[PDB]
Amino acid sequence: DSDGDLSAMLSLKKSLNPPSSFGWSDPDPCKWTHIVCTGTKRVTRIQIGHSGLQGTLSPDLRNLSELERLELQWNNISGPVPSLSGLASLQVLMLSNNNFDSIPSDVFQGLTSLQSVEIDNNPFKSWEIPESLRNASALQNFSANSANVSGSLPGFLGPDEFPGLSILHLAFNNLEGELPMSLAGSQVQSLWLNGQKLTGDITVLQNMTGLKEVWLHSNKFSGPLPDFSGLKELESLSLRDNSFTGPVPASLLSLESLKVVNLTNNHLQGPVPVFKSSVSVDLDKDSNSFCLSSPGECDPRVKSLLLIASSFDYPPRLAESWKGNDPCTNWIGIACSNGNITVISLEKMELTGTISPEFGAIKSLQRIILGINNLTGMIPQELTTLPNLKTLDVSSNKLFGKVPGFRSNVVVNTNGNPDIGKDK
Ligand SMILES: *[C@@H]1O[C@H](CO[C@@H]2O[C@@H](C)[C@@H](O)[C@@H](O)[C@@H]2O)[C@@H](O[C@@H]2O[C@H](CO)[C@@H](O[C@@H]3O[C@H](CO)[C@@H](O)[C@H](O[C@H]4O[C@H](CO)[C@@H](O)[C@H](O)[C@@H]4O)[C@@H]3O)[C@H](O)[C@H]2NC(C)=O)[C@H](O)[C@H]1NC(C)=O
Ligand SMILES: *[C@@H]1O[C@H](CO)[C@@H](O[C@@H]2O[C@H](CO)[C@@H](O)[C@H](O)[C@H]2NC(C)=O)[C@H](O)[C@H]1NC(C)=O
């Protein structure tokens with residue numbers, strides 16, 4: 001009630017200790033500068049950003065039951081952020097750019113009206129995004145850049161609990177682990193996750209069709225680029241300084257909405273991408289694994305090997321090795337005679353995926369050695385059309401199906417494939 005608000009405001013004045021000329025002098029805090037109250041003397045707004053404040057924040061803040069907007073940003077307030085639990089009308093919370101040293105796990109408990117949270121640039125002790133946030137079903141904006149956020153990106157941030165989430169900014173924290181698949185379906189429009197140690201692939205982006213701005217640079221993301229054709233509002237895509245593999249997808253190259261793309265410093269393969277003239281492209285020379293230094297089709301041998309790599313799920317070691325346009329110099333697993341590929345030898349490379357029928361297109365092949373990997377599927381019939389093939393070793397994989405009929409002088413070894421001959 002109004003007496004409770006009066007007491008809480010007096011406690012806040014004491015903790016913050018504002019200057020004598022700040023205007024918190026009247027016996028009725030509803031008459032104080034930068035405070036808004038209802039006609040029945042309930043506090044609804046406290047708006048004292050950029051006010052040079054130096055104290056701490058009283059825990060009695062949580063007693064202001066009708067508080068809607070709390071702005072304390074760009075001061076020098078220290079100590080812990082008090083629990084705000086129970087402030088069911090709090091709609092806007094701005095604490096960015098202060099000196100807060102911690103934020104508690106129950107801080108968002110029962111904050112059902114919360115729409116916008118900004119707590120960037122505070123020297124918080126390490127903390128994880130808390131479960132208490134899950135009651136903010138109308139949450140639209142959550143910003144906590146440079147706030148020492150740790151752990152994984154929690155899956156509860158998906159549309160199942162945050163159907164209105166629009167801005168999620170968590171740059172320059174300590175996040176690790178992979179993107180949770182529960183983000184699928186999210187209507188987030190601006191996503192900042194740059195500048196930490198996130199890993200895994202970014203396939204979940206395919207299911208986030210409201211994205212306009214995606215900043216994932218400076219992480220440890222890997223794997224090939226996903227299908228972008230569904231992201232018809234995507235304007236700004238920053239993927240630089242990661243470990244992405246595979247080619248730049250045509251689905252991205254033809255995306256009409258695209259305005260800015262950053263691809264520098266990855267392990268992207270295939271031909272150099274050509275974007276529309278209107279797109280600002282950040283792609284430093286020699287900062288990926290493209291076959292040429294400028295746009296143009298790759299060498300025929302390279303094209304074949306890249307199809308083979310694709311079927312092997314773009315092996316990370318090959319993405320970093322198979323650079324340039326000459327497979328006969330310094331490529332993992334590749335030997336040549338007079339420029340013709342004679343050996344593809346990738347034993348013990350933890351390969352996944354399947355054996356591409358494109359092996360059959362490399363007519364100079366003498367040895368295909370793929371033993372001790374995690375390959376599945378069948379041995380393609382196309383391999384029997386290799387007239388110089390001497391040895392096919394596919395030992396110790398997870399292959400199945402009938403072995404096609406090879407010439408009677410081809411050495412074939414399927415040792416250690418328990419399902420060879422079985423159908424699946
Ligand atoms: C957070 O919000 C949940 C509901 O949202 C769901 O969980 C969130 C964490 C998040 O995942 C959301 O996306 C998701 O939709 C609230 O949960 C509801 O809480 C109320 C009570 O607080 C429950 O109401 C009770 O229902 C009982 C039957 O299931 C019923 O027996 C109870 O009646 C008894 O109590 C009432 C008074 O409360 C009394 O009037 C009755 O006479 C009787 O004794 C009562 O109605 C809902 O079942 C919960 N689930 C819903 C609504 O889906 C949760 O409270 C909230 N928590 C915080 C901290 O804000
Ligand atoms: C992503 O690339 C864009 C386009 O190159 C970068 O934006 C440009 O930044 C330069 C500064 O280096 C500005 O002077 C240009 O005006 C910007 N162009 C824009 C915004 O269209 C952007 O900085 C890159 N992002 C990262 C994280 O490196």
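Along the sequence shown, the residues carry numbers beginning at 1. Values below: all heavy atoms of this structure, side chains included; hydrogens, waters and symmetry mates excluded. In each ligand, atom 1 is the first atom listed, and ligand 1 is the first ligand listed.
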Undergrad: Around atom 22 (C) of ligand 2, find the nearest protein heavy atom and jot down its residue, atom name and distance.
TA: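 It is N262 ND2, 3.8 Å.
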Undergrad: Is the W74 ring parallel, tilted or perpendicular to the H50 ring (thresholds 30°, 60°)?
TA: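 Rings of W74 and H50: parallel, as their planes differ by under 30°.
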Undergrad: So which protein heavy atom does atom 5 (O) of ligand 2 come closest to, and at what separation?
TA: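 It is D282 CB, 4.1 Å.
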Undergrad: Are any non-hydrogen protein atoms located under 4.0 Å from atom 1 (C) of ligand 2?
TA: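 So far as the 4.0 Å threshold goes, atom 1 (C) of ligand 2 is in reach of a protein heavy atom.
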Undergrad: Give the C-alpha distance, both sets of side-chain angles, the deciding distance and a yes or no for side chain to side chain donor-acceptor pair (under 3.5 Å) between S126 and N148.
TA: CA-CA 5 Å; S126 177; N148 218 8; 5.2 Å; no
Undergrad: Which of the numbered atoms in ligand 1 are under 4.0 angstrom from any heavy atom belonging to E161?
TA: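 Listed by number with element, the hits are 10 (C), 11 (O), 13 (O).
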Undergrad: Begin with the C-alpha distance, continue with both residues' side-chain angles, and end with the deciding distance and a verdict on side chain to side chain donor-acceptor pair (under 3.5 Å) for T352 and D313.
TA: CA-CA 6 Å; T352 63; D313 296 321; 2.7 Å; yes
Undergrad: Is there a protein heavy atom less than 4.0 Å away from atom 60 (O) of ligand 1?
TA: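 Flag for atom 60 (O) of ligand 1 set to true, protein heavy atom closer than 4.0 Å.
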Undergrad: I'd like to know if atom 57 (N) of ligand 1 has any protein heavy atom within a distance of less than 4.0 Å.
TA: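 At least one protein heavy atom is under 4.0 Å away.
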Undergrad: Using a distance threshold of 4.0 Å (strictly less than), state whether atom 43 (C) of ligand 1 has a protein heavy-atom neighbour.
TA: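 So far as the 4.0 Å threshold goes, atom 43 (C) of ligand 1 is out of reach of every protein heavy atom.
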Undergrad: When you check the side-chain N and O atoms of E68 and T44, is any donor under 3.5 Å from an acceptor?
TA: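 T44 and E68 do not have a side-chain donor-acceptor pair below 3.5 Å.
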Undergrad: Specify the protein heavy atom at minimum distance from atom 1 (C) of ligand 1: its residue, its atom name, and the distance to 0.1 Å.
TA: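 Heavy-atom neighbour on the protein nearest atom 1 (C) of ligand 1: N135 ND2, 1.5 Å.
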Undergrad: What is the nearest protein non-hydrogen atom to atom 12 (C) of ligand 1, stated with its residue, atom name and distance?
TA: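 For this ligand atom, the closest protein heavy atom is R134 O, 4.1 Å.
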Undergrad: Do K212 and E235 sit within salt-bridge range, that is, some charged N less than 4.0 Å from a carboxylate O?
TA: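 No, this pair does not count.
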Undergrad: Kindly determine whether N75 and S51 satisfy side chain to side chain donor-acceptor pair (under 3.5 Å), including the steps that lead there.
TA: CA-CA 6 Å; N75 286 289; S51 294; 4.6 Å; no
Undergrad: Identify the protein heavy atom lying closest to atom 19 (C) of ligand 2, giving its residue, its atom name and the separation to 0.1 Å.
TA: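 The closest heavy atom on the protein side is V260 CG2, 4.6 Å.
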Undergrad: Scan the protein's non-hydrogen atoms and note whether one is under 4.0 Å from atom 8 (C) of ligand 2.
TA: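 No.
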Undergrad: Salt bridge between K276 and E256, side-chain N to carboxylate O under 4.0 Å?
TA: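 A salt bridge is present here (some side-chain N lies under 4.0 Å from a carboxylate O).
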Undergrad: Can a salt bridge be assigned to the pair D282 and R240 using a cut-off of 4.0 Å between side-chain N and carboxylate O?
TA: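 Looking at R240 together with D282, the answer is yes, because their closest N to O distance falls below 4.0 Å.
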Undergrad: From atom 27 (C) of ligand 2, is the closest protein heavy-atom distance below 4.0 Å?
TA: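 Answer yes: something from the protein, a heavy atom, is under 4.0 Å.
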Undergrad: Before we go on, tell me: are the rings of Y314 and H267 under 6.0 Å apart, centre to centre?
TA: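 Between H267 and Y314, which both carry aromatic rings, the centre distance is not below 6.0 Å.
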Undergrad: Can you tell me which portion of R240 lies within the under-4.0 Å heavy-atom range of ligand 2? Options are side chain, backbone, both, or neither.
TA: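 The side chain, only.
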Undergrad: Answer yes if a protein heavy atom lies under 4.0 Å from atom 3 (C) of ligand 1, otherwise answer no.
TA: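 Yes, there is a protein heavy atom closer to it than 4.0 Å.
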Undergrad: Would you mind listing which atoms of ligand 1 come within a distance below 4.0 Å of any non-hydrogen atom of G110?
TA: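 Counting atoms of ligand 1 from 1, those under 4.0 Å from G110 are 59 (C), 60 (O).
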Undergrad: Fit a plane to each ring of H169 and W192, take the angle between them on a 0 to 90° scale, and name the class: parallel (under 30°), tilted (30 to 60°) or perpendicular (over 60°).
TA: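 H169 vs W192 ring planes: parallel.
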Undergrad: Is atom 9 (C) of ligand 1 close to the protein, meaning a heavy atom under 4.0 Å from it?
TA: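 Looking at atom 9 (C) of ligand 1, one finds that a protein heavy atom does lie closer than 4.0 Å.
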